[PDB]
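**Q** The letter at position 255 of the sequence shown is residue 333 when you use the working numbering, and the numbering goes up by one with no holes.
All C-beta atoms in this analysis are idealised placements derived from N, C-alpha and C, irrespective of residue type, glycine included.
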Amino acid sequence: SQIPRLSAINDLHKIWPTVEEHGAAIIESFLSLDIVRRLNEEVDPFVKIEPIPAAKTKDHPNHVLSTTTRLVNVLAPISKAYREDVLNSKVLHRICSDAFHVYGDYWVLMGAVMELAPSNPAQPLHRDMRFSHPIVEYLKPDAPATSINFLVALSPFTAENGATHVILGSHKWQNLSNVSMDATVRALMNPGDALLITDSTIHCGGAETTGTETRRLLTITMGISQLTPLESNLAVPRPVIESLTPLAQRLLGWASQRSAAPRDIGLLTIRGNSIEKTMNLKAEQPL
Ligand SMILES: CN1C(=O)c2ccccc2NC(=O)[C@H]1Cc1ccccc1
Ligand SMILES: O=C(O)CCC(=O)C(=O)O
Ligand SMILES: [Fe+3]
Numbered sequence: 079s080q081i082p083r084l085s086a087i088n089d090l091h092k093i094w095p096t097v098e099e100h101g102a103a104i105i106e107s108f109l110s111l112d113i114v115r116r117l118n119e120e121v122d123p124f125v126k127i128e129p130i131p132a133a134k135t136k137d138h139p140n141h142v143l144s145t146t147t148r149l150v151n152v153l154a155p156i157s158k159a160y161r162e163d164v165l166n167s168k169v170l171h172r173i174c175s176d177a178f179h180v181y182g183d184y185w186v187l188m189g190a191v192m193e194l195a196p197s198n199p200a201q202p203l204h205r206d207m208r209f210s211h212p213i214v215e216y217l218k219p220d221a222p223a224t225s226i227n228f229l230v231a232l233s234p235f236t237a238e239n240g241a242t243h244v245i246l247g248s249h250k251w252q253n254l255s256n257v258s259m260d261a262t263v264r265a266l267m268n269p270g271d272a273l274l275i276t277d278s279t280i281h282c283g284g285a286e287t288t289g290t291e292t293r294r295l296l297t298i299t300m301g302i303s304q305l306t307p308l309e310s311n312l313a314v315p316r317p318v319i320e321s322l323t324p325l326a327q328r329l330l331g332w333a334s335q336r337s338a339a340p341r342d343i344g345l346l347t348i349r350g351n352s353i354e355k356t357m358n359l360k361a362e363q364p365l
């Protein structure tokens with residue numbers, strides 16, 4: 079029983095309901111091949127100079143990822159394609175406003191390119207967020223998902239090169255005795271396709287068995303604005319921020335945020351006024 083594959087345009091309204099039901103879905107052509115090309119070109123060197131996740135020079139080493147994983151986040155200052163095309167993706171936002179309407183505004187918890195070296199082993203089956211947001215474990219099991227993860231293929235995902243594994247329905251599992259690779263299916267994707275899961279979906283990167291291919295993805299963890307992002311844009315240069323749309327600015331923490339509470343008093347406000355209003359933050363200004 080395989081992962082449901084949906085069209086990004088034809089099937090748009092069906093994507094989140096599918097994920098909310100089965101815990102994963104494949105969005106075909108989530109990003110056009112042109113945007114994939116530009117993303118790749120724009121991140122390439124930063125991937126090449128990224129060290130091992132737990133590198134001794136980092137003051138927040140990542141000990142969980144394998145030393146053959148490279149992860150580069152805070153993509154806005156690196157990539158025009160990301161901060162213009164990806165952050166304003168209309169598919170991304172209809173899915174996110176579908177999934178999060180119960181909670182209110184959403185933003186990027188983390189936008190990151192992961193490239194896995196040849197023969198990178200499968201990851202352990204996991205739920206995301208358990209090394210950053212322990213509060214999530216304390217949610218009632220039927221609480222609506224507070225973050226979701228777009229795993230976007232920047233190169234081909236094949237069974238042989240390590241395409242991600244998911245366990246269908248595992249986002250509703252409380253008893254974990256059922257957990258094992260036996261229960262998984264694969265996300266077979268062309269570049270630009272995206273695998274979409276929730277923070278409860280049990281999944282892992284697969285084993286790279288060709289010993290040659292280098293697999294690369296863009297993982298966009300979108301979450302309610304009530305949860306703190308894994309990454310900071312505080313250091314992104316103001317001229318970059320002001321080149322963006324207001325929507326993009328909000329997604330990066332450069333705007334105030336709102337809950338869905340009918341009388342919402344808002345998040346990250348300043349004496350009752352927004353960040354952008356207070357700071358007179360320009361938008362969509364070219365560089
Ligand atoms: C540790 N870890 C990340 O680094 C990560 C990377 C990209 C996007 C999300 C993300 N979030 C996480 O919670 C996890 C995923 C994980 C990976 C291997 C083993 C166990 C868990
Ligand atoms: O490598 C993959 O395909 C998935 C990686 C993943 O799920 C994670 O890093 O949390
Ligand atoms: Fe993961």
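Report yes if the C-beta of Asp206 is less than 6 Å from at least one heavy atom of ligand 3; otherwise report no.
**A** yes
**Q** Cα-Cα, which of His138, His100, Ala133 and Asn311 is closest to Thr146?
**A** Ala133
**Q** Using a Cβ-Cβ cutoff of less than 6 Å, which residues in the same chain neighbour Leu165 once the five nearest sequence positions on both sides are dropped?
**A** Here the set comprises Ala326 and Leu329.
**Q** Determine contact between the stretch 260 to 267 and the stretch 171 to 188, defined as no fewer than three beta-carbon pairs at a distance below 8 Å.
**A** Flag = no, the stretch 260 to 267 and the stretch 171 to 188 do not touch.
**Q** Return yes when the C-beta of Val121 is under 6 Å from any heavy atom of ligand 1, and no when it is not.
**A** no
**Q** Considering only the beta carbon of each residue, do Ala86 and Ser107 sit closer than 7 Å?
**A** Closer than 7 Å, so yes.
**Q** Is any non-hydrogen atom of ligand 2 found closer than 6 Å to the C-beta of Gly283, if you look at the structure I gave you?
**A** yes
**Q** If you run the structure through DSSP and keep just helix, strand and coil, what is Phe178?
**A** helix
**Q** Quick one: grab the DSSP three-state call for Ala261.
**A** In the structure shown, the three-state DSSP call for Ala261 is helix.
**Q** How is the alpha helix (DSSP H) around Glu354 delimited, first residue to last?
**A** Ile353 to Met357
**Q** Please list, in chain order, all residues of the same chain as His249 whose beta carbon is under 6 Å from its beta carbon, the five residues on each side excluded.
**A** Excluding residues within five positions, the ones whose Cβ falls inside 6 Å are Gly101, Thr276, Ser278 and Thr279.
**Q** Between which two residues does the alpha helix (DSSP H) harbouring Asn118 extend?
**A** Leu111 to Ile127
**Q** In the DSSP assignment, what residue or residues form a beta bridge with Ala103?
**A** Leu274
**Q** Given the structure, does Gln327 come close to ligand 1, in the sense that its CB is under 6 Å from one of the ligand's heavy atoms?
**A** With a cutoff of 6 Å, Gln327 does not count as near ligand 1, since its C-beta is closer than that to no heavy atom of the ligand.
**Q** Drop a sphere of 10 angstroms on the beta-carbon of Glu291, count the other beta-carbons inside from all chains shown, and report buried for 16 or more, exposed for fewer.
**A** buried
**Q** How is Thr306 classed by DSSP in three states: helix, strand or coil?
**A** In the structure shown, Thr306 sits in coil (DSSP, three-state: anything other than H, G, I, E or B).
**Q** Take the Cβ of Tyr184 as the centre, count every other Cβ of all protein chains shown within 10 Å, and call the residue buried at 16 or more, exposed below.
**A** buried
**Q** Anyone know if the C-beta pair for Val97 and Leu217 falls short of 7 Å?
**A** no
**Q** Buried or exposed: which applies to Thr297, given that a residue is buried once 16 or more other Cβ atoms fall within 10 Å of its Cβ?
**A** With 16 or more other Cβ atoms within 10 Å, it is buried.
**Q** Rank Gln252, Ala200, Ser233 and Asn358 by C-alpha distance to the C-alpha of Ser144 and give the top, closest one.
**A** Of the candidates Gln252, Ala200, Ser233 and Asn358, the one whose C-alpha sits nearest the C-alpha of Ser144 is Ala200.
**Q** May I ask which residues mark the beginning and end of the alpha helix (DSSP H) holding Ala326?
**A** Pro324 to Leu329
**Q** Is any heavy atom in ligand 2 found nearer than 6 Å to the beta carbon of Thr242?
**A** yes
**Q** Under the criterion of a Cβ to heavy atom distance below 6 Å, does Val142 qualify as lining ligand 1?
**A** Yes; taking the cut-off as 6 Å, the Cβ of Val142 has a heavy atom of ligand 1 nearer than that.
**Q** Hey, could you find the ends of the beta strand (DSSP E) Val318 is sitting in?
**A** Note, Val318: premise wrong, no beta strand (DSSP E); alpha helix (DSSP H) at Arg316 to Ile319.
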